[PDB]
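So here's one chain in two forms, each on its own in structure tokens, numbered structure 1 and structure 2.
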Structure 1
């Protein structure tokens, strides 16, 4: 409960959903309008720490600085961070901002020789790292050709150097699948018959084939990439609630396109070297991790792809962790991280990363129960998710630290009462039963779960399976007899009667079997007697009476 201090309410919301980028954007517009730059930079740093590879966000910080000469004391540290070697962003909009700053900082008119070379070095690094990969790159290539073309060769060396860069620019670009291809080739052909009428024919002719290939490959990309959307805002003011993903959200259709683009590249149709193919794949993965950033599959496929190639036992962990920063409630990434930590003997990290996911889910569940308390289905899914992760967590700690640890974990779930689901009880009975094949402790856990779930046909079903599985004959019939009028909707109830009857027939009585059948034909008239008799005599789950004798059934 704050008063009427916007900054306080904003940070509270951010704290609740630290992955909701629009919330930071709002807090940033607010600090910017009040000119409180220390907080603006503090707010951005919070974003960068969590979303290091979201190039669009870095574009927002740089653009904010450009709009107000160019102070290098502020801009270079930022460029150094976002273009660093370990957390290196590789996005055309960010590179275009990079080039823009290099150009403004190295005046070609007033700096001559060294200047042109620095700028040209800039363009070439954008070329080698990104432009030969991104097919929607015409703005970049155009800007670089025009720069080289606009160069006034002073002396004879510069003159020879210019024609070289220009021919290097063309040969590089015209070989990859791109959107400027048809047009860049008209300018290349006119240009070769301009620099030398003798050599045109064989220069134009030495590319020719690779250019047709590039053009057809670009067509396939166009087909695959059909409705691909890339509209993340690159400026603070252009950010809206709509062009930024809400926590955990991603358009599955968009995800499928990224995965297909990546699948089309995994093939190395351009026949690049090992290192260039890897760089091309990496560029596309990073493009996807940026646009469907909340899709666990993209981070999972990326981390494994990176770690595949070469050694460095840290690589897979690195990308899974970036992914978890984006989706902290992701069980896929928590379990993946868990495997890597265990693989690298970072045992403490195993429990810590699992608890992290568990705590984030607990926050989602409490928020969902208070915010839309009537949404019974979403509340039930979340309870299930929470329970599931406690299950894997319990099984994992039993295996890694022993019975006493799994017991404490089960205790915490027992105290959450009906916040959790039946599964944690069933999974705990199995852990208890397998210590020495004793039934006492386990049966008590399941009896205790009955206090909360006796009305749950699904719990009763699996509880019966555990009893059969542990072979506690008398209990099987007891639980059933006692659950018959408690179980929700037939389907499971029909299926359970069959489970019990079959078991009791394997363990005689016949009188038991017979009455259990009487009530069965009472609760479910219209059930074919012979068909049910045939089910009762299954061996290893195969209804042989039907298969070998009552074929028409």
Structure 2
């Protein structure tokens, strides 16, 4: 739709803004548009662009990073009028990001705005506070956090106390630091212990700690193994963004998604033994780390969602997280339905139709986009057509029991309108509900008939159609359809499967003389067919062929 016909000249800013509109989740495309506006120093558009990105991906910590970075690089112009409102938004209470790289940014700023020199008291006394919150909110939950612990450390050591009420607090802190770090699974405990030992001597216990340090040192071994191949390579600067280290729409390494679910599973055991708030934290941390690095996996959002709602009340929590998940994957049926389901519970009936509907809109456009970028890939297309229809079916059903039969009609009315773009399952699924009204076959039957308009050649359809006629016992009906399509049904392996069905049906419904004939026609169009193997199918009782499992178990 856009791109095609919306043909601009040859001004990057226009095709990009067009391609982005077609793939609003391709993070890289925005990165290119930014790179461009920054090179033309059109700073106003840089923020419009960063904001559309923040709007859609609130918890993509690294995108906030790329942004704070951009400012910091203006040297002496670390403008607190631009900088603070950003941090303020991305470090908030709800869509509050908790990632180390971003905190290391938060710190750098706090350190450039409170000079240890001319500030004195609250100066070096605020930087400490800033280093502490990063320690409580995230440093103690991240095993690959060493780099930070060092940062905080060096700032405490390289500090000369002016008197003695300081000389003291400096060790009071240098202690509370070391102790804190040494009790968590980390990539540098071994060395960091060797350091604290020596430290304590040349200053004036270690037995107590020694315990949790051991426990830690090895809990980091299990970690290191569960992780093993964990990839965490998102760019945190604009220039480091490469097509290769940002996910393309709907992309994501399964291997990775599995390593993450695994780490999360481990965490949920609570091997550390933390209180209920400290463990709820430690998981929430890991969960947001995963939603950042495999953001396009609908299962990580699905799971994080339920983990946060599994907690306490507030009917809004579960919906909050699916919503964010749907924003990263606008085309996910997993997420659409999960939302659709929550809206129904907190009873907001209007959004139920809204959300599902969008997912369809997104899929519609994805289908269209492929039918044109390479219409020769008839599988990838049917795969989509299938997904389109599947969603329609779930929609129709869901509308039918939420807003009367007349609703379902509306929907199916328009699926028809789509023709061959949809798949047979919509008429079958419509049929089966158009029936269940008042067990009547008058209306319900007229449906599939229509369908025959586009699918009288899909043995796949016909089969499922007979299965219905047979199901809702309508004898004549079967004979009719069977007849009409023995030539018109492509394939063979599927037509065969269709004969056996109607023959088995004939048998159950009297005659045996009728059977005797269909049986003749069958073997003519299918010479070579094993007379006795097909004999057994005619006598399956309860979908099971016992003749074969008991006597001819060699068949």
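Each form is matched to the other, and the largest set of C-alpha atoms that superpose within 1.5 Å is called the rigid core. Positions refer to the first chain, counted from 1.
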With the core superposed between the two structures, a CA shift of at least 2 Å among 161, 482, 395, 253 belongs only to 482
Superpose on the rigid core, then tell me if the C-alpha of residue 492 is displaced by 2 angstroms or more between the two structures. yes
Q | Displaced residue check between the two structures: residue 49, CA, 2 Å or over, core reference | A | no
Note to self: Please determine whether the C-alpha atom of residue 535 is displaced by 2 Å or more between the two structures following superposition on the rigid core.
What the structure shows: yes
After superposing on the rigid core, the Cα of residue 378 moves between the two structures by an amount in angstrom of 0.3
Between-form comparison on the rigid core puts the Cα shift of residue 525 between the two structures, in Å, at 4.2
